[PDB]
Amino acid sequence: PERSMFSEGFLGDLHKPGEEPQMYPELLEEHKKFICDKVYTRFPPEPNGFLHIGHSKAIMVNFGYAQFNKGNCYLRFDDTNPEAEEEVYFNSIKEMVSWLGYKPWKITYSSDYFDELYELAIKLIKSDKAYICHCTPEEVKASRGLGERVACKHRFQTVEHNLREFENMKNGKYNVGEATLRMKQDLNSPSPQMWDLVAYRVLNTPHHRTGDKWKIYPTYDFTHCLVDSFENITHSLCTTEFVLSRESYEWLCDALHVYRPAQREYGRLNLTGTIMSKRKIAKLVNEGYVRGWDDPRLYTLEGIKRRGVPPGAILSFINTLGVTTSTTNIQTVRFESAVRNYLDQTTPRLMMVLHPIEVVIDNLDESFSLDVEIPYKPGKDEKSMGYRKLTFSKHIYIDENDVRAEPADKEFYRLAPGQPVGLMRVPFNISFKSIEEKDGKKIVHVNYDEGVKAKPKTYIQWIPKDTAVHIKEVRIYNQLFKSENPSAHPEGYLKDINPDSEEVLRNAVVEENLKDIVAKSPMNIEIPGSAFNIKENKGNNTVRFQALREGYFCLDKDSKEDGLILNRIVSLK
Ligand SMILES: O=C(/C=C/c1cccs1)Nc1ncccn1
Ligand SMILES: [Zn+2]
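Calculation criteria
Residues numbered from 1 in each chain as written, not as in the entry; some residues may be left out. Chains lettered and ligands numbered in written order. Heavy atoms only, no water. Helix = DSSP H or I, 4+ residues; strand = E, 2+ residues; numbered from the N terminus. Rg over C-alpha atoms; globule rule 2.2 N^0.38 Å. Buried < 20%, exposed > 50% of the residue type's maximum accessible area, 1.4 Å probe, protein only. Areas by Shrake-Rupley, 256 points an atom, 1.4 Å probe, with all protein chains shown as cover. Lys, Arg positive; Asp, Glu negative; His and termini not counted. Charge placed at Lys NZ, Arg CZ, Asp CG, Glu CD. Donors = N, O, S within 2.8 Å, 3.2 Å for Na, K, Ca; no water. Pairing = 2+ DSSP bridges. Salt bridge = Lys/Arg side-chain N within 4 Å of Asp/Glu carboxyl O. Axes fitted to C-alpha atoms, helices over the stretch in contact; angles between N-to-C directions. Parallel < 35°, antiparallel > 145°, perpendicular 65-115°, else oblique. Left-handed = near helix turned anticlockwise from the far one by under 90°. Contact = heavy atoms within 4.5 Å. Nonpolar A, V, L, I, M, F, W, Y, C, P; charged D, E, K, R; others polar. Core = buried A, V, L, I, M, F, W, Y, C linked by side-chain atoms within 4.5 Å. Domains from an automatic or database assignment. Near = heavy atom within 4 Å. Polar contact = N/O pair within 3.5 Å; in protein donor to acceptor, adjacent residues only side chain to side chain. Expected span 1.5 Å × (residues − 1). 1 Å grid on protein atoms, 1.4 Å probe; cavity = no way out; pocket = protein on both sides within 12 Å on 5 of 7 lines; lining within 4 Å. Points joined across faces, edges and corners; volume = space filled by probe spheres on them.

Listed as the method for this PDB entry is X-ray crystallography; the listed resolution is 2.73 Å.

### Looking at the overall build of the chain
Of the regular secondary structure elements, the chain holds 15 helices and 27 strands. Taking 573 residues into account, the globule formula puts the C-alpha radius of gyration at 25 Å, and the chain, at 31 Å, lies well above it. Across its three principal axes, the chain shows a C-alpha extent of roughly 105 × 50 × 40 Å. In the chain, which comprises 573 residues, the share counted as buried stands at 52%. Only carbon and sulfur atoms are counted for the fraction: they give 48% of the accessible area of the chain, which is about 27,700 Å². On the chain, the mean spot of the 78 positive side-chain charges and the mean spot of the 83 negative ones are 2 Å from each other.

### Here we look at the coordination of the zinc ion (ligand 2)
For the zinc ion (ligand 2), the full set of protein donor atoms is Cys 133 (SG), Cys 135 (SG) and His 154 (ND1), at a range of 2.3 Å. Judged by its relative accessible area of 16%, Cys 135 is buried. Assessed through its relative accessible area of 9%, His 154 is described here as buried.

### Observations concerning the sheet that holds strand β21 (residues 469-470)
Strands sit in the order β11-β24-β21 across an open sheet of three strands; the sheet is antiparallel. Single-partner strands in this sheet number two, and they are β11 (352-353) and β21. Examined bridge by bridge, β11 and strand β24 (residues 509-510) share two bridges and lie antiparallel to one another. Looking across to β24, one finds that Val 353 is bridged to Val 509.

### Let's talk about the pattern of salt bridges
Counted according to the given criterion, the structure contains 33 salt bridges. Each of the salt bridges in this network shares a partner with another, and the network as a whole consists of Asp 294, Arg 306, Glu 473, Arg 475, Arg 506, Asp 556, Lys 557 and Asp 558.

### Some thoughts on the packing of helix α5 (residues 114-126) against helix α7 (residues 159-170)
Close contact between α5 and α7 brings their axes to 9 Å; oriented N to C, the two are set at 155 degrees. Here α7 runs roughly antiparallel to α5, going by the angle between their axes. As for how α5 packs across α7, the hand of that crossing is right-handed. Note on element contacts: α7 touches α5 through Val 159, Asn 162, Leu 163, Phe 166 and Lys 170, opposite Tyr 118, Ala 121, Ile 122, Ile 125 and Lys 126. Class assignment of the residues belonging to the contact of α5 with α7 gives a composition of seven nonpolar, one polar and two charged.

### Digging into the nonpolar core
Proteins that are soluble and globular tend to have nonpolar side chains buried together. Core analysis: the largest hydrophobic core is formed by 53 residues, its most contacted members being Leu 11, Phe 43 and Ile 59. Per element, the largest residue contribution to this core is seven residues, and it comes from helix α3 (residues 54-68). Shared between two domains, this core takes at least three residues from each, and those domains are domain 1 (5-114 + 222-266) and domain 3 (305-349 + 473-571). Beyond its immediate sequence surroundings of up to four residues, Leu 11 is in contact with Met 5, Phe 6, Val 61, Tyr 65, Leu 237 and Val 323.

### A closer look at the site of ligand 1
In the vicinity of ligand 1, the residues found are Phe 50, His 52, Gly 273, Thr 274, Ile 275, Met 276, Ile 281, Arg 297, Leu 298, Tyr 299, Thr 300 and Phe 481. Here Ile 275 contributes a backbone N or O atom positioned 2.8 Å from a nitrogen atom of ligand 1. Within the backbone of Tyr 299, one N or O atom sits 2.8 Å away from an oxygen atom of ligand 1. Burial of ligand 1 by the surrounding chains reaches 96%, relative to a free accessible area of 410 Å². Of the residues assigned to the shell around ligand 1, the class counts are seven nonpolar, four polar and one charged.

### Considerations on the pairing of strand β17 (residues 430-438)
The side chains of a regular strand alternate between the sheet's two faces. Strand direction decides the pairing type here: β17 and strand β18 (residues 441-448), joined by eight bridges, are antiparallel. Counted as the bridge partner of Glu 437 is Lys 442 from β18. In sequence, β17 turns back onto β18 through a hairpin of two residues, with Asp 439 there showing a positive phi of about 60 degrees.

### As for α3
Taking 1.5 Å as the rise per residue, α3 with 15 residues should run 21 Å; its terminal C-alpha atoms sit 21 Å apart, in good agreement. For α3, the tally of buried residues reaches 12 of 15 residues, placing the bulk of the element in the interior. Every buried residue belonging to α3 is among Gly 54, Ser 56, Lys 57, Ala 58, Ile 59, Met 60, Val 61, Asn 62, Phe 63, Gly 64, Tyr 65 and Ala 66, and all of these are buried. In the segment just after α3, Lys 70 is the residue with positive phi, at about 55 degrees.

### Some details on empty space enclosed by the protein
Approximately 100 Å³ is the volume found for the largest cavity. Looking at the largest cavity, the residues that line it are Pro 296, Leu 298, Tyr 299, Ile 304, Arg 307, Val 309, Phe 335, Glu 336, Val 339, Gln 479, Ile 569 and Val 570. With three residues, helix α13 (residues 332-346) is the largest single contributor of residues to the lining of the largest cavity. The residue makeup of the lining of the largest cavity, split by class, is nine nonpolar, one polar and two charged. The calculated volume of the second largest cavity comes to roughly 50 Å³.

Written out as structure tokens, the structure reads:
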């Protein structure tokens, strides 16, 4: 069957809610009375960019564990750092959580706790566990041993001197960088994540949610653990990148006599052949190598969604990988295989011709009409998706590569002189007659070999000409880079772009019944017995189908009724 990842490995061996290891075990009664034996997790994306595919593991681990155990999961924006904070990041994050079929129990912000965090900075100062430093960034490197660690004169300032200076920082007394608030931890400890970390930095800038009220803003080292305690996070799950930071994490809570959440780290998801440098990908969008942050060639969530990948395929893929402390190293070919096997089960089959050539069946009359009924998914579940009718007549389209004017060879099974080809779901074959040159285009004349039972070597797809839908653009996508390590290219990652990563076909046609797939979309066909049957909302990305001999496609963001634009999700293979 399908073994869930939440009952195995890293997630299946986590503690029960309410049994988080505490230095002071009496801080659980106020914690237990809030959780009521429910799991409480968080998702804390920083809203200064788009989510890539790695965040889908962060989303699945945190919302999925909360949902698997009938608990709750916060959607917490980590707007600790005040900047321009463009609203599209906040929306895109919300949409990508909702798109993956997870509903947050409550949407919160890190800025929501600036008041409570300022009170705990005083308590830490009053506890002689912090101090204000006026050191330059070069000075603290020497005090950290850029070597032998030495203390600073500020560390021995009286408690009342720290209180006096911090109230000055609050009221915009000093400039950016000239004054900090460092935790008084331990300099003999070998962990560099404990060499008097900065807890508050003076910024004197407006925050998009709080404005000019705050002139000093805390750091990540101060914010993560304390906001987890405020929201009674039973399991605070993050990537193994911050495993050394768990000492300072647990330190700050034990230094303030607050509930100490359990930070357990999992290995992040690393796809081979992916660059994660936000600046590098920014360079691509600006110079035009891709047509937006949601370009179907990117491994950002918006781009993967626009490529046409169904959300359930992503989750089904992360689940089969599992979650351990070991960081992965998965080839993108295994990701495309998962999406391919998912669409094989959940999409209807349509007839599309990418490089059409007009066919004239000479021996058929103009009034001739043979209705051919075709199921949307031939197989064990035919009657579930329904049937459709195509009218076979004198004028049809087939693919240029399915007809050749010279006799065939051992590798060519399609239309040729002396070698008839079968038309899908059509009783009898068509035989080659001649090729007419007309209006620049080529027109193949055939006979319909009616009444003669002869097995063809293959059956090709075809479109009725009179009711064919003409597609403005079909975009065939491949890997954006030629190699699996673009940053290691001797001439730079820009010199490793795949020029053929996007091919735009201008003359494709598809059968009329695509209009029927749009009307039934969002279709949301389910994989029996699978736990990853996510229902989607309306949108061109949900209009998915398989072109019977070409691959899987969907409607792009830019598609309209009088201007269809298709994306090739993944090859047929
Ligand atoms: O999509 C990204 C990276 C996306 C990011 C979003 C926000 C910060 S990085 N990288 C990629 N690399 C190789 C091939 C395709 N895609
Ligand atoms: Zn100092």
